[PDB]
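> No sequence on hand, only this structure:
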Ligand SMILES: Nc1ccc(-c2cc(Cl)c(Cl)c3[nH]c4c(c23)CN(C(=O)CO)CC4)cn1
Ligand SMILES: Nc1ccc(-c2cc(Cl)c(Cl)c3[nH]c4c(c23)CN(C(=O)CO)CC4)cn1
Ligand SMILES: [Zn+2]
Ligand SMILES: [Zn+2]
């Protein structure tokens, strides 16, 4: 089965500015560290749409020392940030205003790019560098406290990456990105992009997974192909609105759930790529049909609930993906 | 038999920290008041047969140091500084940091807050419970060039883990180069601890019944064997220079030789321990035991331990192994 799949991954590697990204990113951080409010800003981890090699994605982190999170209305993912506080200008009463902080952030960046690069209208900010390279800059608060209680039952990697690794990972900070909920516009959602990267690049039960020939697995390739399938289908139907609400994050979440379900490295041997990918697709399909895709870190938050994505969009994606899988994925070509 | 080793391990498990933690926390609270030891803190410990004897390390970060290796001894160094903003200005003997002066002030502050004895490179306090405090400089720079070929865990714990570990800081404890009196010796106690408590090729090593290994038990038994033989022959001087660190280093080498968890199945404790002993014996006979982090530093050289001492320990261990280890009774 895997012949066309391996061809796809070969072209995908072939395709992959970063320097041009690093220049302006470090310049922006240089100026942002001059402000009293963004003094502790810094790069969180360049990152990527697998099919868009010129679309970059960076995250600026800013530690907020001693914070009081207040969960917003039983939504397990959205919070208010309550608290010499260098964010004094951004408070609106007792909660921190994402709108004000973001407006400042964008203003500093807009003034700093006009010295060199266009900033698009409201990912907090999107810069377009010379009609070819684009960079989405996201601002996130960093908290070095223990994780919120809604993550208590998430990150169930104990049988895969081990309970020891889970404890070490949960000792790391967590992040908060502004996102309006429903739309309450001063709420923040949790971010674990650092943990996701760690999980994906250190992904085997064996510490030497993918480091020698006897232990080559196909986890990363399965995730690559899943993201590519979704990106290609989103392009093919961009003029309708069906696939608009689907993102690489849904596919990455489903992939992590599959990793939990298949924790042994031998279930991911490279020679079985064909079936492994099939299984991955199938699991994603199941998540679509049952309208259930729990956040990997907050299991009570369903990314596929009918309040976030309607049934018609899910059924459309299901029909498209089933056609592709029945026809040796013509969309890849 | 193997059941004898299991009996030893069970008796060991039957075996204060609450007190040690209280005391040590008080000492650190008061030491951070002093200007020179403002950045002092705990790093992360036991003599397996002496559960009431504790070993604590007090780390102190030194932001931007220059290391000058002492006379091609790849483990001992002079600590100099880079370009009165150095809070250790009180301790320079010219341009090199003086271990003697720093240790004098260390013992002096400890001896100004305790007023439990302070027996006179550690500082020994009692509480019928004893605690040895070792002061260590912390450097967050990359590791010295002598460690480049050490920590050969690539086929065991992975090259990824080796890179991650080498990104962590390293430590320097005062120790005479036997002598010249102001040299510092490399220390990687943190890394040793981490690779001992996270020791399998599988991340889930020892977290389920299917993956119970016997690495930790093998190290425990070797340490116990050395301690019991040192007590047995304390009247002679032959075993004075052997320590649990030699045992731990040989054990780490064995883990490098045997990287697969299936080579450490708990069911084979008896053979695993045997092989451990055997490797240690080989190290004794050939007088070669490389530091696990600095391969060119030979812990078993004749300039450090004489051949007669090694031969005596060799014969005593061979006796024990040939007689089902009576020193474990
Ligand atoms: N409507 C939604 C969908 C999902 C979440 C969401 C929730 C949590 Cl708890 C985490 Cl950790 C999340 N990470 C990401 C998302 C997310 C969604 N997302 C983006 O919005 C990117 O712009 C990707 C990255 C919240 N609201
Ligand atoms: N004569 C000796 C013996 C060995 C080393 C030695 C050398 C290095 Cl590079 C490291 Cl990392 C070391 N760690 C330890 C030692 C050691 C020796 N040691 C003690 O001195 C305990 O007080 C145990 C802990 C240097 N000189
Ligand atoms: Zn792998
Ligand atoms: Zn184990």
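Noted; the coordinates are in hand. Numbering: from 1, shown residues only, chains lettered A, B, ... in the order given. Ligands and ions are numbered 1, 2, ... in the order given.

> What are the boundaries of the strands in the stretch 1-150 of chain A?
Using DSSP state E, counting those that start in this stretch, the strands of the stretch 1-150 of chain A run over A:41-43, A:55-63, A:68-71, A:78-82, A:91-92, A:95-96, A:118-119, A:125-129, A:133-143.

> Can you give me the neighbour number for residue A:182?
Neighbour count for residue A:182, taken as other C-beta atoms under 10 Å in any protein chain shown: 10. To be clear about C-beta, it is placed using only N, CA and C from the backbone, and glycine gets the same treatment.

> Any idea which of the strands of the stretch 1-150 of chain A gets closest to residue A:159?
strand A:133-143 (28.2 Å; C-beta to C-beta).

> thinking again about what came up before, and of the strands of the stretch 1-150 of chain A, who's closest to ligand 4?
strand A:133-143 (34.0 Å; C-beta to the ion).

> Show me what that closest one is packed against.
Applying 3 or more C-beta pairs under 8 Å, 6 or more residues apart in numbering or on different chains; DSSP states H and E, we find strand A:133-143 packed against helix A:18-32, strand A:55-63, helix A:98-113, strand A:125-129, strand A:174-178.

> Just name the most buried of those.
Highest mean neighbour count among the helices and strands packed on strand A:133-143 (mean count of other C-beta atoms under 10 Å in any protein chain shown): strand A:174-178, with a mean of 22.

> pretty sure residue A:253 belongs to a strand, no?
No: Residue A:253 is assigned helix when assessed by DSSP: H, G, I helix; E, B strand; the rest coil, not a strand.

> what sits against it?
A:293-296, A:303 (C-beta atoms under 8 Å, 6 or more residues apart in numbering or on different chains).

> mind checking which helix or strand the residue nearest the centre of chain A is in?
Residue closest to the mean C-alpha point of chain A, counted by C-alpha atoms, centre = their mean, is residue A:249 at 5.0 Å. According to DSSP states H and E, residue A:249 maps onto helix A:248-261.

> Show me the beta-bridge partners of the closest residue to ligand 3 within the stretch 201-333 of chain A.
Residue of the stretch 201-333 of chain A nearest ligand 3, by C-beta to the ion: residue A:217 (3.0 Å). Beta-bridge pairing for residue A:217 (DSSP bridges): residue A:269.

> measure residue A:12 to ligand 4 for me?
According to C-beta to the ion, to the nearest Å, residue A:12 and ligand 4 sit 38 Å apart.

> check contacts around that residue.
Residue A:12 touches A:50-51, A:224, A:228, counting by C-beta under 8 Å, 6+ apart.

> how close does it get to residue A:220?
11 Å (C-beta to C-beta, to the nearest Å).

> same check, this time on residue A:233
Taken as C-beta to C-beta, the span from residue A:233 to residue A:220 is 21 Å.

> of these two, who's got more company?
residue A:233 (20 against 15).

> What is the neighbour count of the spatially closest residue to the more buried one that is not a sequence neighbour?
The shortest distance from residue A:233 to any non-neighbouring residue, by C-beta to C-beta, 6 or more residues apart in numbering or on different chains, is to residue A:320 (5.3 Å). Per other C-beta under 10 Å, the neighbour tally for residue A:320 reads 20.

> ok, the residue in chain A that ligand 2 sits nearest to - contacts?
Closest residue of chain A to ligand 2, C-beta to the nearest ligand atom: residue A:207 (23.2 Å). Taking C-beta under 8 Å, 6+ apart, we find residue A:207 in contact with B:157-158, B:160-161, B:200-203.

> same thing but at 7 Å, please
B:157-158, B:161, B:201, B:203 (C-beta atoms under 7 Å, 6 or more residues apart in numbering or on different chains).

> Please verify my assumption that the residue nearest to residue A:233 contacts residue A:234.
No: here residue A:320 lies out of contact with residue A:234, judged by C-beta atoms under 7 Å, at a distance of 10.0 Å.

> Tally up the residues packed near residue A:185, please.
Residue A:185, neighbours per other C-beta under 10 Å, totals 12.

> Could you find the closest non-adjacent residue to it?
Distances taken as C-beta to C-beta, 6+ apart put residue A:99 closest to residue A:185, at 6.1 Å, once the chain neighbours are dropped.

> Please report the distance of the one you found from ligand 4.
From residue A:99 across to ligand 4, the span is 52 Å (C-beta to the ion).

> Between the contacts of residue A:207, which sits nearest ligand 1?
Closest to ligand 1, out of all of the contacts of residue A:207 and judged by C-beta to the nearest ligand atom, is residue B:203, at 23.3 Å.

> what's the closest non-adjacent residue to residue A:31?
residue A:112 (4.5 Å).

> With residue A:98 instead?
residue A:178 (3.6 Å).

> what's the neighbour count on the closest residue to residue A:267 other than its chain neighbours?
Excluding its sequence neighbours, the residue lying closest to residue A:267 (C-beta to C-beta, 6+ apart) is residue A:276, at 7.8 Å. Burial of residue A:276 is recorded as 25 neighbouring residues (other C-beta under 10 Å).

> what's residue A:276 sitting at in phi/psi?
phi -50, psi -50 (degrees, to the nearest 10).

> contacting residues for it?
A:218, A:222, A:268.

> May I see those organised as TSV, with distance to ligand 2 and neighbour count added?
Output for the contacts of residue A:276, formatted as TSV (distance: C-beta to the nearest ligand atom, whole Å; neighbours: other C-beta atoms under 10 Å in any protein chain shown):
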residue	distance to ligand 2	neighbour count
A:218	40	25
A:222	43	22
A:268	38	26
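
> For ligand 4, state which of the residues you listed is nearest.
Nearest to ligand 4 among the contacts of residue A:276, with distances taken as C-beta to the ion, is residue A:268, at 22.7 Å.

> was I right about the closest one contacting residue A:218?
Yes: if you go by C-beta under 7 Å, residue A:268 and residue A:218 touch, sitting 5.5 Å apart.

> which one is residue A:223 nearest to, not counting chain neighbours?
Excluding its sequence neighbours, the residue lying closest to residue A:223 (C-beta to C-beta, 6+ apart) is residue A:255, at 4.7 Å.

> can you tell me which residues contact the one you found?
So residue A:255 contacts A:222-223, A:226, A:280 (C-beta under 7 Å, 6+ apart).

> switch to 10 Å and redo it
By C-beta atoms under 10 Å, 6 or more residues apart in numbering or on different chains, residue A:255 lies in contact with A:199-200, A:219-220, A:222-224, A:226-227, A:280, A:283-284, A:296.

> Stretch A:151-164 and chain B in contact?
Yes: residues of stretch A:151-164 contacting chain B under C-beta under 10 Å from any C-beta of the partner chain: A:157-164.

> Show me which of these are buried.
Using 16 or more other C-beta atoms under 10 Å in any protein chain shown as the burial test, these include A:157-158, A:160-162, A:164 as buried.

> now, the most widely separated pair of those residues?
A:160 and A:164 (12.0 Å).

> since we're on the residue lying closest to residue A:283 once chain neighbours are set aside, how many residues are nearby?
Closest residue in space to residue A:283, ignoring its immediate chain neighbours: residue A:258 at 5.1 Å, by C-beta to C-beta, 6+ apart. Using other C-beta under 10 Å, residue A:258 is surrounded by 21 other residues.

> Which residue ranges make up the domains of chain A?
A:2-14+A:147-173+A:192-332, A:15-146+A:174-191 (CATH domains of a matching chain).

> Where does residue A:232 sit, in terms of helix or strand?
Judged by DSSP H and E, residue A:232 forms part of helix A:219-236.

> ditto for residue A:286
helix A:273-290.

> hmm, the helix or strand just after that helix in reach of ligand 1?
Using DSSP H and E, the helix or strand that follows helix A:273-290 in sequence is helix A:311-326. No: judged by C-beta under 6 Å from any ligand atom, helix A:311-326 makes no contact with ligand 1; its nearest approach is 13.6 Å.
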